[PDB]
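Novice: Have a look at this one.
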Amino acid sequence: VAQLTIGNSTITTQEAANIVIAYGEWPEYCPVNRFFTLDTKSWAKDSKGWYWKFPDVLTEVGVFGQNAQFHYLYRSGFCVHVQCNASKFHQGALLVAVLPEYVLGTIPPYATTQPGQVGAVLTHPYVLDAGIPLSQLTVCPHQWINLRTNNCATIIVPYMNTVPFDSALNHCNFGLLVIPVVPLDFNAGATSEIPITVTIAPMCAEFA
Amino acid sequence: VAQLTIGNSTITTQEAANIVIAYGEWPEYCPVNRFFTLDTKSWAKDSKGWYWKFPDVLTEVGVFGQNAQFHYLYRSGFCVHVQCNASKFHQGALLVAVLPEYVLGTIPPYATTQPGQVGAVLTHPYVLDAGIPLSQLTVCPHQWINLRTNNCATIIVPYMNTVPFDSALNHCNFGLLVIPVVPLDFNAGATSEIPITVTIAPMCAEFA
Amino acid sequence: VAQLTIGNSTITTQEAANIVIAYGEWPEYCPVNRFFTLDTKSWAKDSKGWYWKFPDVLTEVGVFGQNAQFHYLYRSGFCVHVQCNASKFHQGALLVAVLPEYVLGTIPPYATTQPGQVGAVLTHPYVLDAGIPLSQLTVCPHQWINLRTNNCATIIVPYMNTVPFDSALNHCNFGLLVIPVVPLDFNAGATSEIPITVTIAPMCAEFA
Amino acid sequence: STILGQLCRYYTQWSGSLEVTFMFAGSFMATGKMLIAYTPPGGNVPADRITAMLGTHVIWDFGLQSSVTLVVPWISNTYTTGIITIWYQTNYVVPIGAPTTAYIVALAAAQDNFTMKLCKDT
Amino acid sequence: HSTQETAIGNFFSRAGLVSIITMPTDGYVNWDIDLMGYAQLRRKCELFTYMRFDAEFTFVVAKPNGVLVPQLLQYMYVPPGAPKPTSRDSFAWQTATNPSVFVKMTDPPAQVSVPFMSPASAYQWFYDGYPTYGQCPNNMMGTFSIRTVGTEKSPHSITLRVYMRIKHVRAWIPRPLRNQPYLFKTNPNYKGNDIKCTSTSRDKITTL
């Protein structure tokens, strides 16, 4: 067990060296520094999935979000840490994957294409609400959360764009999908809803 | 945890260096190479015991068994691995012991003196169906399976006979007794029957 | 006179260094070891010819034939030895030749395209039952058995195929034709039917 | 469903070795054993657990390893199929409070000696 | 202080009675050499599996009540495999390959040492398999034939008792001592209707 303190934020995570680096590249300079622990989602027995759009997920929180409405330009990597808190009598499996330029489809309004801090849910998770199947999502940078073995999942995402600087207000760089491939099961009397906690840390942030 | 692959067989057992060598002698040359995972026996609440005769237990399986009906002569050691699969809410104790020239008694037909691959059960386990008491079976090469602490039990048996070569069809060299000294107990709702898995590997096999 | 003992088989042939190597290449590795003396054919006064398909001729005999139905792949050379047993008052001439991809014709069932161990006979031997004339069969690896001079004939055949490994069950690599070009003649009172004995030895056999 | 089976529709001939990965997604307190048997092309599918054991197989207990792998040695296309079967070696042992049913997912990918040629449009 | 009285030679010394033979007024007896006739020396020999030794017999001979008369006696040893005598005047009494001793009744008793007479390397009391019908081995030490010399009948009742020491004892593979009563003299058949406990009972577990 470690105790990660950057900025004035402090989280407690174990020594899990299962970091997946997206496309083998660390975020760097030459084309805020804290943790932003979001609200927890309650994984129930019939929950379908969730997604968060980046960096729209950090424009309603403070000092990085207030920097987002200013300066007209933005370029940074990220560091997402998704962890789950369940006992040894629960079972299930999540798939945590990032998807660059996650353009959703319509069976879209201004609310679902950028859901904000809380994140929206998935309607048809078999086709990822975008027409592409869930079976091939592991070609993206992904990580499994099997409640049997581990609880946390951490991905290092660099900056990927065709231009070196983009406006953070309109364009969202990627998404973050957390999909329960194997559904949650337990026996009667245990805790019915399991919390999923997302922690985001911007790495190598620039504005000019 | 290890992964033992000899031949085309693959088993998964932990790093348990509790090997008992029968009478302190390794099987050697100068008087097949795979694992033969038998059928599992269901240890219930009132099961009495089981036994297997060697090398009669490997004359109905393939390539070693088809070599047994040929060549009229046989000389090999063995390597027996008995393991149990139970949770931490079960209790019980087994005694796994080999007995050279295990001649049974009658309260015998051609079926019970050589039961084959499946192995027969014990009728009166207090006298081992042979008139000798169970309390003194630990003078043989033995190993305890206490479900509190461990799950596996592995014995290395060399070749013991008055002649250096014997016909494998009529004479059986030893037996393998698995007797529940302390009976299996659990509470209502758990798995009622616990599986016991036997894995045999012939060591230093010769035929001429 | 020699005494060739390979495996547990033993044949007695003279020191005849008239070995013909098919296309000048010895069978080798880098793309069973005994003699298989077949049944004898009775060369009568009006017999037309015989043929055997390889390696179909060795799928009804033991240990090599039982290896043929397994492993799905096969690659080996061969060593055929055809000899005749007649006196000095008989006359005649045979032509022993191998023919790669010996595809027969129809004036065909599953019995004549692979005759097995006993081998079928020829219907029209002038056209080899394939439309190609007998007069030009000596462009193949061949050997003459003139009963005046010699009695034996031995050919070394390597593995010839467009792929380095083929299934031995469906595809037959070559044939072996024994055709009496000059018919057998004798006077009244001698032995009417002369035996022809074929001995096959697989050279450089592989299966994987 | 795989990305390997969709990129083989864009070609004609392929040859190489695969690897199939299984993953247990049950409770931590449950234990048992499975048998992952593989049959080479030409042979028949086994009807007994004991005849499947005599071929190529992997004994997988999920009390220790929650995920096992299996390498298919060679496939080809120009029926040569490499039939894979899953056998209950033991039953599924479970204590009080843990759920009685669990699920396995299966993953598949190609190895470093997998090539394909003669591009074609589906 | 010293551990020399529990050695394997001192455990099997001290020649004891094995048979008492009465020959009252046929005219001969056959006593084949077996040791599993008395309750002791069977329970003492079934502690092990393989034993190798050589015997030493003594023939204390008298009348039914103590007294000795000047009478000549013959004790013939029939080796294993040689045919036994049928009658008093059989051909086997004059065979040179059956060693005999000739001793009076008024002498010291006759002593005879018999070597290790097995085709195997050790005697085995327990044979698991089948010799061919019953599960019994073929140790077969021999046969002692006893008669009074002369052609008409001696008017003296002869009772001799046979004593036997066991020299050069080597023992292998110890075994639980039998706690159940004996039923037959070939097999370990116990009485399965009532099973005697190994210990004696007490009132409660605390009443020492």
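What follows is calculated from the coordinates using simple rules that are stated; it is not laboratory data. Reconstructed Cβ throughout: ideal geometry from the backbone, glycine too, with neighbour counts over all protein chains shown.
Novice: Counting pairs of alpha carbon atoms under 8 Å apart in space and at least six apart in sequence, what relative contact order in percent does segment A:118-183 give?
Specialist: It comes to 17 percent, rounded to a whole number.
Novice: Given C:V139, C:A68, C:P125, which one lies farthest toward the positive end of the charge dipole of chain C, if we put +1 on the Cβ of every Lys and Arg and -1 on the Cβ of every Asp and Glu?
Specialist: Checked the options; the winner is C:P125.
Novice: Starting from the Cα of A:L169, step 7 Å toward the Cβ, then list every residue of segment A:23-58 with an amide N under 18 Å from that point.
Specialist: Backbone N within reach: A:54-58.
Novice: Given +1 on the Cβ of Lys and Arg, -1 on the Cβ of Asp and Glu, and no further charges, what dipole in debye does segment C:1-77 carry about its Cα centre, rounded to the nearest 20?
Specialist: Value, rounded to 20: 160 debye.
Novice: To one decimal in nm, how far is B:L169 from the same spot in the other copies, if labels go 7 Å from Cα toward Cβ? Please give the shortest first.
Specialist: 3.1, 9.4
Novice: Using modelled amide H (1.01 Å from N, peptide plane; none on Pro or chain starts), what sits under 5 Å from the amide H of B:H171, excluding residues fewer than 5 places away?
Specialist: E:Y130
Novice: Can you work out ³J(HN,Hα) from phi for every residue in segment C:199-206, in order, using Karplus 6.51 cos²θ - 1.76 cosθ + 1.60 and θ = phi - 60°, giving whole Hz and x for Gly and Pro?
Specialist: 10, 10, 9, x, 10, 6, 8, 10
Novice: Separate question: Under a point-charge model restricted to the Cβ atoms of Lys and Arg (+1) and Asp and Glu (-1), what is the dipole moment magnitude of chain C relative to its Cα centre, in debye to the nearest 20?
Specialist: Rounded to the nearest 20 debye, it is 340 debye.
Novice: Taking each residue in B:115-126, count the Cβ atoms of any other chain within 10 Å of its Cβ, then average. What number comes out?
Specialist: 1
Novice: Let me ask something else. Compare the peptides B:92-101, E:107-116, A:94-103 by average per-residue count of other Cβ atoms within 10 angstrom and give them in order, highest first.
Specialist: Top of the packing list down: B:92-101, A:94-103, E:107-116.
Novice: Rounded if a/c is under 1.5, else prolate if a/b beats b/c, else oblate: with a ≥ b ≥ c from the C-alpha gyration tensor eigenvalues square-rooted, which is chain D?
Specialist: It comes out prolate by the Cα gyration axes.
Novice: Could I ask something else about it? Distance between the C-alpha centers of segment D:27-77 and segment C:1-76? Whole Å please.
Specialist: The two parts, judged by their Cα centres, are 40 Å apart.
Novice: Going through the cross-link list B:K48/B:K88; A:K45/B:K88; A:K88/B:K88; B:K45/E:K204, which pairs have a Cα-Cα distance over 19 Å in this structure?
Specialist: Pairs exceeding the cut-off: B:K48/B:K88; A:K45/B:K88; B:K45/E:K204.
Novice: Right, something else. Choose one of E:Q71, E:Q124, E:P181: the residue whose Cα lies farthest towards the positive end of the charge dipole of the protein assembly as shown (beta-carbon charges +1 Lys, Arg; -1 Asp, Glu; about the Cα centre).
Specialist: Farthest towards the positive end: E:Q71.
Novice: In nm, what does the list of distances from C:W144 to its counterparts in the other copies look like, shortest first, when each label sits 7 Å along Cα to Cβ?
Specialist: So the label point of C:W144 gives 7.4, 8.9 nm to the other copies.
Novice: Taking a ≥ b ≥ c as the square roots of the eigenvalues of the Cα gyration tensor of the protein assembly as shown, is the shape rounded (a/c under 1.5), prolate (a/b larger than b/c) or oblate?
Specialist: Oblate is the answer for the protein assembly as shown, as a/c is 1.5 or above yet b/c matches or exceeds a/b.
Novice: Dipole size in debye (nearest 20) for segment E:91-208 around its Cα centre, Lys and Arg Cβ +1, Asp and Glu Cβ -1?
Specialist: Charge dipole, segment E:91-208, about its Cα centre: 340 debye, nearest 20.
Novice: Less than 12 Å Cβ to Cβ from E:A92, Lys/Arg counted +1 and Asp/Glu -1: what total charge do the surrounding residues give?
Specialist: Around E:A92, the charge tally is +2.
Novice: In what sequence, highest mean first, do C:185-192, C:113-120, D:35-42 appear when ranked by Cβ atoms within 10 angstrom?
Specialist: D:35-42, C:113-120, C:185-192
Novice: Please name which of B:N151, B:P27, B:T162 has its Cα lying farthest along the dipole of chain B towards the positive end, using unit charges on Cβ (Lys, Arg +1; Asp, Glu -1) and the Cα centre as origin.
Specialist: Of B:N151, B:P27, B:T162, it is B:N151.
Novice: Let me ask something else. Averaged over peptide E:187-194, how many Cβ atoms belonging to another chain are found within 10 Å of each residue's Cβ?
Specialist: Per residue, the number of nearby Cβ atoms from other chains is 6 on average.
Novice: Identify the residue of chain B whose Cβ lies closest to the rotation axis that maps chain B onto chain A, and give that distance in whole Å.
Specialist: For chain B, the closest residue to the axis carrying it onto A is B:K88, 6.
Novice: With r defined as the distance between the Cβ atoms of C:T162 and D:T122 and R0 fixed at 30 Å, what FRET efficiency is calculated, to the nearest 0.05?
Specialist: 0.50
Novice: On average, how many beta carbons from a partner chain sit within 10 Å of the beta carbon of a residue in A:132-140?
Specialist: Mean shielding by partner chains, rounded to a whole number: 2.
Novice: If you count, for each residue, the other Cβ atoms within 10 Å and average over each peptide, how do A:146-155, A:172-181 line up from highest to lowest?
Specialist: A:172-181, A:146-155
Novice: While we're here: If you put a point 7 Å past Cα along the Cβ direction, how far is that point for C:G116 from the same point in each other copy, in nm, smallest first?
Specialist: Inter-copy label distances (nm, one decimal, shortest first): 3.3, 8.5.
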